[PDB]
Amino acid sequence: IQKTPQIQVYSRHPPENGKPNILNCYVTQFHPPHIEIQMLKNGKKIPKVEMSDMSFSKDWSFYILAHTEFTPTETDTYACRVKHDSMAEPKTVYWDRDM
Amino acid sequence: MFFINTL
Amino acid sequence: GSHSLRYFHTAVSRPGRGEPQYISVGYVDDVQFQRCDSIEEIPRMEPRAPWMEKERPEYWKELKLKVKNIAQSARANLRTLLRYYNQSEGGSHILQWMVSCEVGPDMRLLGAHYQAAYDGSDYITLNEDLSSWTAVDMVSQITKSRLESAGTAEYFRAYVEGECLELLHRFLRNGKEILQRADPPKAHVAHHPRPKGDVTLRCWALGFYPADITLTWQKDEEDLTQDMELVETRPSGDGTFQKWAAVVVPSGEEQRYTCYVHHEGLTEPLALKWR
Ligand SMILES: *[C@@H]1O[C@H](CO)[C@@H](O)[C@H](O)[C@H]1NC(C)=O
Ligand code: NA
Ligand code: NA
Ligand code: NA
């Protein structure tokens with residue numbers, strides 16, 4: 001059964017400009033388990049993105065957390081880009097400091 | 001760490 | 001106050017290059033303690049929580065053998081499933097299963113689970129009696145008949161009352177400071193004007209453990225179930241979870257709305273308003 005991922009991008013701690021933090025991309029509710037996840041800063045791929053182990057929920061769908069160190073500012077933009085076989089094209093979600 | 005062969 | 005040992009197992013036929021044929025992750029409650037996998041027949045194990053440094057070398061040697069054996073048996077299970085469902089060779093299929101035991105505060109066993117899924121759908125489940133099974137279709141009914149004619153649930157109960165209890169007891173002792181705890185949510189309401197002139201009120205809850213939580217918005221006397229946007233509870237990455245719920249409200253009506261937070265670490269629901 002094919003399930004499309006749901007994607008959330010958010011900070012470990014509430015953001016304050018100029019203070020080191022951790023950016024999370026949490027990808028849930030997808031099946032089968034193969035997934036491709038990248039994080040970007042100001043249009044450049046971040047090389048040091050850590051990936052949690054993949055696990056799954058009671059409905060058998062898979063979940064995984066990608067994360068990287070980051071320092072929010074008033075001018076930098078961050079994105080997480082996700083590709084799964086349920087999707088014709090990748091999906092990009094940008095960090096919003098309000099959510 | 002346990003598995004049951006289903007068939 | 002209860003605690004569970006849980007393992008989440010996945011076996012993939014024809015994984016991609018570099019991808020596991022078999023992976024399992026083990027948790028106590030909402031804290032992962034290890035990863036096991038097998039890639040091109042090579043088993044590998046990694047600890048994920050600090051108390052695992054106290055395990056002795058024979059734990060990891062016995063576990064490596066169990067990974068090799070489970071990976072081979074799961075591969076063979078995938079091949080039999082392919083045949084019984086008259087599916088074509090060449091595709092990749094998925095076999096998942098969950099194994100758990102649960103104890104109460106006096107460390108007495110309360111229950112246990114064994115349940116399996118094929119290609120993302122229920123296949124067979126052990127019932128709460130720990131002796132009989134529930135199938136979904138005539139293939140899984142063959143499995144049921146084999147397991148019951150054989151008495152296989154006896155060996156599962158031996159695992160629950162042996163190694164499952166042994167490890168749950170030892171992990172709760174060595175990991176007591178992490179596992180026997182409830183961190184309460186730190187809550188607040190944020191306020192975001194919208195270009196149209198109304199307002200988003202976003203009730204936040206952060207820093208809480210375990211993950212289970214409820215967030216609800218309520219108006220003076222009106223029901224907001226269909227009005228609020230709730231995000232899936234999500235890990236912050238340091239052992240704690242975070243969540244929010246939001247409603248859009250007319251400007252000047254903000255004090256009519258209250259956010260209620262329910263969590264095990266609270267004695268009564270938290271009630272928050274903006275500002
Ligand atoms: C597969 O074929 C057998 C007959 O050889 C039949 O009993 C079984 O119902 C078939 N399964 C499906 C899913 O069609
Ligand atoms: Na919202
Ligand atoms: Na709880
Ligand atoms: Na309010």
Side-chain angles (χ1 to χ4, degrees), chain A residues 52 55-59 63, chain B residues 1-2, chain C residues 1-9 24-34 47-55 59 97-115 125-131 156-187 203-216 230 232-245 259-272:
Chain A
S52 80
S55 185
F56 61 86
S57 306
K58 55 186 166 181
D59 68 11
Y63 61 93
Chain B
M1 293 302 291
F2 189 97
Chain C
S2 94
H3 296 286
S4 298
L5 193 73
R6 299 194 185 95
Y7 287 92
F8 300 85
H9 302 259
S24 64
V25 295
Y27 294 71
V28 176
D29 300 328
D30 291 332
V31 183
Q32 189 195 354
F33 67 87
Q34 82 196 13
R48 296 290 181 237
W51 68 84
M52 300 298 285
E53 309 164 62
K54 285 189 180 65
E55 291 302 315
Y59 169 87
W97 69 103
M98 291 185 282
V99 174
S100 68
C101 51
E102 178 181 12
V103 297
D106 69 336
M107 297 300 310
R108 189 134 176 155
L109 267 167
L110 302 173
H113 294 287
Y114 188 98
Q115 172 176 10
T125 306
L126 185 67
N127 305 319
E128 300 218 317
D129 67 10
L130 301 190
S131 151
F156 181 65
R157 272 177 260 118
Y159 162 87
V160 167
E161 299 178 21
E163 171 168 293
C164 204
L165 187 62
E166 172 204 342
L167 300 184
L168 182 43
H169 183 267
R170 171 163 76 252
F171 294 163
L172 282 167
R173 204 192 65 242
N174 292 339
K176 179 170 162 172
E177 176 161 40
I178 295 164
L179 287 174
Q180 304 188 46
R181 81 181 216 278
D183 301 335
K186 285 62 149 179
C203 187
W204 283 91
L206 292 103
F208 62 86
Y209 183 91
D212 184 33
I213 196 158
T214 298
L215 294 184
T216 319
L230 267 174
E232 171 165 22
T233 300
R234 57 203 195 182
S236 302
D238 60 359
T240 66
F241 300 83
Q242 61 171 267
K243 196 191 186 72
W244 57 254
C259 175
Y260 286 101
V261 188
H262 300 74
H263 184 272
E264 178 183 350
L266 298 169
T267 295
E268 68 176 25
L270 211 55
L272 301 91

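Within every chain, numbering begins at 1; the chains are lettered A, B, ... in the order of the sequence lines, protein sequences first and strands thereafter. These values consider heavy atoms only, across backbone and side chains, with no hydrogens, waters or symmetry-generated copies.
Residues satisfying the side chain to side chain donor-acceptor pair (under 3.5 Å) criterion with C:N174, sequence neighbours excluded, are absent altogether. For A:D59, there are no salt bridge (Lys or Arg N to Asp or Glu O under 4.0 Å) partners two or more places apart in sequence or in a different chain. Under the side-chain contact (heavy atoms from CB on, under 4.5 Å) criterion, C:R6 pairs with C:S4, C:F8, C:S100, sequence neighbours left out. For C:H113, there are no side chain to side chain donor-acceptor pair (under 3.5 Å) partners, not counting sequence neighbours. By the side-chain contact (heavy atoms from CB on, under 4.5 Å) test, C:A211 pairs with C:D30, C:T233, C:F241, sequence neighbours left out. Residues that satisfy the ring-ring contact (aromatic ring centres under 6.0 Å, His included) test with B:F2, not counting sequence neighbours, are C:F156, C:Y159. Here C:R48 pairs with A:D53, C:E46 under the salt bridge (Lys or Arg N to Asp or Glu O under 4.0 Å) rule; sequence neighbours left out. A:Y63 pairs by the ring-ring contact (aromatic ring centres under 6.0 Å, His included) definition with nothing, not counting sequence neighbours. With sequence neighbours excluded, the residues satisfying side-chain contact (heavy atoms from CB on, under 4.5 Å) with C:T125 are C:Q115. Among residues two or more places apart in sequence or in another chain, the side-chain contact (heavy atoms from CB on, under 4.5 Å) test is passed with C:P47 by C:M52, C:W60.
Considering every non-hydrogen atom in both C:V28 and C:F33, the closest pair reads N-CD2, 3.8 Å. The two residues C:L270 and C:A187 come nearest to each other via the heavy atoms CD2-CB, 3.5 Å. Looking at every heavy atom in both residues, C:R181 comes nearest to C:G239 through NH2-O, 4.0 Å. Minimum heavy-atom separation, C:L215 to C:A205: CD2-CB, 4.1 Å. Smallest separation of non-hydrogen atoms from C:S24 and C:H9: CB-ND1, 3.4 Å.
Summarising the local packing, CG of C:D212 is surrounded by 12 or fewer heavy atoms from other residues, nucleotides or ligands at distances under 6.0 Å.
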Let me check something: any side-chain donor-acceptor pairs from residues 161-171 of chain C under 3.5 Å, sequence neighbours excluded? List them with distances.
from	atom 1	to	atom 2	distance (Å)
C:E166	OE2	C:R170	NH1	3.0
C:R170	NE	C:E55	OE1	3.3
C:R170	NE	C:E55	OE2	2.8
C:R170	NH2	C:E55	OE1	2.9

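With contacts defined as side-chain heavy-atom distances shorter than 4.5 Å, the pair C:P185/C:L266 qualifies. A heavy-atom distance below 4.5 Å is not found between the side chains of C:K243 and C:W204. The shortest distance between side-chain heavy atoms of C:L179 and C:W51 falls below 4.5 Å. Residues C:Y7 and B:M1 form a side-chain contact, since some pair of their non-hydrogen atoms from C-beta on lies under 4.5 Å apart. Counting heavy atoms from C-beta outward, C:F208 and C:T240 have side chains that stay 4.5 Å or more apart. Residues C:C101 and C:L109 form a side-chain contact, since some pair of their non-hydrogen atoms from C-beta on lies under 4.5 Å apart. Taking the side chain as every heavy atom from C-beta outward, C:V31 and C:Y209 approach each other to under 4.5 Å. The shortest side-chain heavy-atom distance between C:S2 and C:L110 falls under the 4.5 Å cut-off.
With C:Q242 contributing its side chain and C:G207 its backbone, the two residues share no donor-acceptor pair below 3.5 Å. Side chain of C:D129 to backbone of C:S131: a donor-acceptor contact under 3.5 angstrom is found.
Counting only residues at least two apart or in different chains, side chain to side chain donor-acceptor pair (under 3.5 Å) contacts with residues 262-272 of chain C are absent.
If you take NE2 on C:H3 and CG on C:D29, they are separated by 6.0 Å, rounding to the nearest 0.5 Å. Expressed to the nearest 0.5 Å, how far CE of C:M107 lies from CZ of C:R173 amounts to 10.5 Å.
Between the side chains of C:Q34 and C:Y59, at least one donor N or O lies within less than 3.5 Å of an accepting N or O. Side-chain contact, C:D238 with C:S236: no donor N or O sits under 3.5 Å from an acceptor N or O.
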- Could you go step by step and tell me if C:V103 and C:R108 meet the side chain to side chain contact (heavy atoms under 4.5 Å, CB included) rule? CA-CA 5 Å; C:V103 297; C:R108 189 134 176 155; over 6 Å; no

